[PDB]
Amino acid sequence: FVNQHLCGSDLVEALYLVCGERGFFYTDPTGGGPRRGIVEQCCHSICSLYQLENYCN
């Protein structure tokens, strides 16, 4: 993994990676791109596990 573009799809994967068993979740689960911090970042820009490492439990 490296600086790549991750969207909700690859987001849950990367998150599914960084979390594995820590139990991850999706923040602001309501409107579209509600947790855009991730959904708008990794998807539009890029981030590292360290980022998704915070989006975990």
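Laboratory data are not the source of any read-out in this text; all were calculated from the coordinates shown. Virtual Cβ from ideal backbone geometry, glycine too; neighbours counted across all protein chains shown.
Going by amide H atoms built from the backbone, whose H comes under 5 Å of the H on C47, apart from near neighbours?
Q4, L6
Once a ≥ b ≥ c are taken as the square roots of the eigenvalues of the Cα gyration tensor of the chain, is the result rounded (a/c under 1.5), prolate (a/b larger than b/c) or oblate (a/b not larger than b/c)? Mind dumping the intermediate values first?
On the way: a/c = 1.94, a/b = 1.07, b/c = 1.81.
Oblate, because a/c is 1.5 or more while a/b does not exceed b/c.
Could I have the simple spin-label model distance between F1 and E40, label points 7 Å from Cα toward Cβ, reported in nm to one decimal?
2.3 nm
Just want the ordering: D28, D10, from fewest to most Cβ atoms lying within 10 Å of their own Cβ.
Fewest to most other Cβ atoms nearby, the residues stand as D28, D10.
Within segment 1-32, list the residues whose amide N lies under 17 Å from a label point set 7 Å along Cα→Cβ of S48.
Flagged as within label range: 1-6, 14-15, 17-19.
Over the chain, what is the mean sequence separation of C-alpha contacts under 8 Å (at least six apart), divided by residue count, expressed as relative contact order in percent?
This gives 55 percent for the chain.
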